[PDB]
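Right, one structure below, let's go through it.
Below, all heavy atoms of this structure are taken into account, side chains as well, without hydrogens, waters or symmetry copies. Below, chain A is the first sequence line, B the second, and so on; all start at residue 1.
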Protein chains: 2
Amino acid sequence: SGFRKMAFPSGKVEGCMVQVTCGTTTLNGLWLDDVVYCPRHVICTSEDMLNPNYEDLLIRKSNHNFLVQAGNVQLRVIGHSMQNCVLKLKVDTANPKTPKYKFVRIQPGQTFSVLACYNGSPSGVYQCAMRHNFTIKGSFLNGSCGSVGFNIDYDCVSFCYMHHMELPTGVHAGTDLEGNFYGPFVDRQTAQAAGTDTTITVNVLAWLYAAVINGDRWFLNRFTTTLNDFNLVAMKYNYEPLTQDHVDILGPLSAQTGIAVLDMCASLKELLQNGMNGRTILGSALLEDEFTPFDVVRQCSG
Amino acid sequence: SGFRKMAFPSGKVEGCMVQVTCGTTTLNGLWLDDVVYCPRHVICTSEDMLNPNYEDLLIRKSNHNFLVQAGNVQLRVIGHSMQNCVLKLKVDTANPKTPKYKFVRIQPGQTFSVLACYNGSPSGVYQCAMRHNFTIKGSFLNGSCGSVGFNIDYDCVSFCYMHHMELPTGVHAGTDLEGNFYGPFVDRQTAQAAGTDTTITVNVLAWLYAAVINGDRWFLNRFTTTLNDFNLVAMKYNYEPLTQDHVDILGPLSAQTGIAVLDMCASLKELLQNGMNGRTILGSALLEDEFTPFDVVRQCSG
Ligand SMILES: Cn1cc2cc(/N=c3\[nH]c(=O)n(-c4cncc(O[C@H]5CCOC5)c4)c(=O)n3Cc3cc(F)c(F)cc3F)c(Cl)cc2n1
Ligand SMILES: Cn1cc2cc(/N=c3\[nH]c(=O)n(-c4cncc(O[C@H]5CCOC5)c4)c(=O)n3Cc3cc(F)c(F)cc3F)c(Cl)cc2n1
């Protein structure tokens, strides 16, 4: 037992990370087969970063303007192209460490692992969720641009996030691997603000099930509630509405614990209206909303 | 910016994980050069697990009794030996993925990454600290025996923990890679209890510095305190005593933020005596003690 914020093992992604430099601008890239993927922002000089026209900037470049370093090896660029906010640099060598992989876009409330990298060198791995306002509460320093987020299903790395930038509130914004931003953001060094965020209700419930599986039961109660009378109370506290599909997704956890979903909702209603009275759940003093039903099952059952 | 529980990238360790089977008993091993390291508990049958005499059990075995699987390859055991609670299985093939590595024993309050593995297959990575009572609050299921904890310094993996078992309270116990247990535990399937734990004070202070670096300042105050009048108040709340060496270790964070260590201690004293009044620090509603001064610097400065 026990419950941690667990990331996927990151080795399959580490063997893909490279450094990309254009001029004095540098950041991380992702090398899969004979293509290197990276934020197109790398073709911006310091004075270009404020208000770039990327089509203009890219036509003024050739392959020899891009320096790609894979460890101690320089990869020669033999082709370049833009796809939305990602640059694709064709190289003359296919990555021998390419894993089976997929480019998938994720939904708010889903989780993924991040491999934070600097100058093409992996430095750390952590688990994050995509918030309702399409930001993530990441941990990143200067140089982290191009770090990727991913999930692993069996042997296949599903890449879902490429990091681009930090917003003024300190949260992080980026794109899927086809270069399409998550949320209403653009890749220019201007102040941009995220919309309002909500608590991911289904995840909180999933985490309450995790707690029960691990012997934390103090928040349970004999009451029950209706799906509508719960949402009426959850909106008040800035929680996403619960749907019948969320209850279905929570089915398996309901079974393993024998606690009907709507019953667990009753406990959540009480926790929101009374607080925790100085107690904790799974070692935390607030309600955690960055574990999905699937993450719970993976860690608490097998 | 931002602050997460970050693990080291785990690839260098993933390429070392194997499965070891003796009879119907199976668990994880660590393959470095031509040796596989694993808990000696693997030579126990179900009825041996309660009260084993390992010297007896091992003399009754030969090399052919040990099945080592590295992915789809079986490694032939050509030698076996015991070192304290670890079995060393000599194999006829050196691991081509062996990283530079060291066996180091860590201290209570230090942190490390865990690669949780099942049947020799890595499943997840998380960051943990060694508690004052020499347990860790891990996340592990059946089959996780032999998973390793480690730190990476540059290119060198310092292995510090091999997982052995879960205690009745749900916390986890194991050994260093020389087979010496952390804490007063033994590798037999009997109920054993950990001693009392304390909060790792220097880490809490390190984390308060992280919070300041990230713009969380509400807990600060103009007061200061003396090292002795802080400890007098911290003991009351089950905190480790602070030493002059802890203040020195916290020096760099003191400098980067301009907040004298004893001043930050003043804020901690106040938080312990008043609580947090429904506010949070770095997204948490309680004081976090599993980040060391070094982890903070690594994530908050570079
Ligand atoms: C020499 N050189 C200089 C370069 C500067 C660059 N710019 C960024 N580098 C970067 O790392 N971070 C960043 C991400 N996460 C956390 C962060 O935390 C820091 C900040 C406060 O705390 C610690 C920072 C950014 O935000 N940017 C801006 C930015 C990047 C984009 F891709 C974009 F489309 C629009 C932008 F506005 C790049 Cl990409 C390459 C460079 N080479
Ligand atoms: C067929 N087979 C059967 C086997 C059984 C085995 N025994 C253990 N396997 C194991 O995984 N965990 C465990 C660790 N962490 C978290 C855990 O969580 C579970 C428990 C509740 O929640 C989910 C469990 C253990 O505690 N043990 C006991 C144990 C192991 C030792 F090394 C020891 F020295 C003394 C012991 F008392 C082994 Cl090692 C190999 C086997 N092959």
Rounding to 0.5 Å, atoms CE (B:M276) and CD1 (B:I281) come to a distance of 4.5 Å
Side chain to side chain contact (heavy atoms under 4.5 Å, CB included), that's the test. Do B:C38 and B:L30 meet it? Break it down for me.
CA-CA 6 Å; B:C38 73; B:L30 187 68; over 6 Å; no
Short side-chain donor-acceptor distance under 3.5 Å, A:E166 and B:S1:
yes
State whether A:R279 and A:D216 are salt-bridged, where the test is any N-O pair (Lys NZ or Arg NE/NH1/NH2 against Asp/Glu carboxylate O) under 4.0 Å.
no
Looking at side-chain heavy atoms only, is the closest gap between A:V114 and A:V125 below 4.5 Å?
no
Only pairs at least two apart or in different chains count here, so list each side-chain hydrogen bond (donor to acceptor under 3.5 Å, both in side chains) that has a residue in residues 228-241 of chain B.
B:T198-B:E240
Kindly assign one of parallel, tilted or perpendicular to the pair B:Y161 and B:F112, based on the angle between their ring planes and the thresholds 30° and 60°.
tilted
So for atom NZ, which belongs to B:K12, do other residues, nucleotides or ligands contribute more than 12 heavy atoms lying within a distance under 6.0 Å?
no
I want to check a possible cation-pi pair here: B:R4 against A:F140, using under 6.0 Å from ring centre and within 45° of the ring axis as the test.
no
Does a donor on one side chain and an acceptor on the other come within less than 3.5 Å for B:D263 and B:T224?
yes
Ion pair check, B:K100 and B:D155, cut-off under 4.0 Å
no
Closest heavy-atom pair and its distance - A:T225, A:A266:
CG2-N, 3.9 Å
Looking at B:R188, I'd like to know if its CZ atom is crowded, meaning that more than 12 non-hydrogen atoms belonging to other residues, nucleotides or ligands lie closer than 6.0 Å.
no
Would you please test A:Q299 and B:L141 for side chain to side chain contact (heavy atoms under 4.5 Å, CB included) and show each step?
CA-CA 8 Å; A:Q299 217 181 130; B:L141 297 179; over 6 Å; no
Do the side chains of B:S301 and B:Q256 get nearer than 4.5 Å, heavy atoms only?
yes
Just wondering, are more than 12 heavy atoms of other shown residues or ligands nearer than 6.0 Å to NE2 in B:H132?
no
Are side-chain heavy atoms of B:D176 and B:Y182 found at a separation under 4.5 Å?
yes
Aromatic centroids of B:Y101 and B:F150 separated by under 6.0 Å
no
For B:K137 against B:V171, the heavy-atom pair lying closest together:
CG-CG1, 4.4 Å
B:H164 vs B:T175 side-chain heavy atoms within contact, under 4.5 Å
yes
So A:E290 and A:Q127, side chain to side chain donor-acceptor pair (under 3.5 Å) or not? Walk me through it.
CA-CA 9 Å; A:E290 290 202 356; A:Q127 187 89 343; over 6 Å; no
Under 4.5 Å between any side-chain heavy atoms of A:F291 and A:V204, yes or no?
no
Between B:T135 and B:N133, is the side chain to side chain donor-acceptor pair (under 3.5 Å) condition met? List the steps.
CA-CA 6 Å; B:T135 67; B:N133 67 2; 2.7 Å; yes
What's the shortest heavy-atom distance between A:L282 and A:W207, and which atoms?
CD1-NE1, 3.6 Å
On the 0 to 90° scale, with breaks at 30° and 60°, tag the B:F185-B:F181 ring pair as parallel, tilted or perpendicular.
perpendicular
Does the side chain of B:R131 come within less than 4.5 Å of B:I200's, by heavy atoms?
yes
Please report the C-alpha distance between B:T111 and B:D295 in whole Å, then the side-chain angles of each, then the deciding distance to 0.1 Å, and finally whether the side chain to side chain donor-acceptor pair (under 3.5 Å) criterion is met.
CA-CA 8 Å; B:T111 54; B:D295 303 334; 2.6 Å; yes
Tell me, do B:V296 and B:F3 make a side-chain contact under 4.5 Å, heavy atoms counted?
yes
Step by step, work out the side chain to side chain contact (heavy atoms under 4.5 Å, CB included) result for B:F230 and B:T201.
CA-CA 11 Å; B:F230 170 80; B:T201 307; 3.6 Å; yes
Does any non-hydrogen side-chain atom of B:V157 lie less than 4.5 Å from one of B:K102?
no
Measure up the B:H172 and B:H163 rings against each other and bin them: parallel (under 30°), tilted (30 to 60°), perpendicular (over 60°).
perpendicular
Looking at every non-hydrogen atom in both residues, tell me the closest pair between B:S139 and A:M6 and how far apart they are.
OG-CE, 3.3 Å
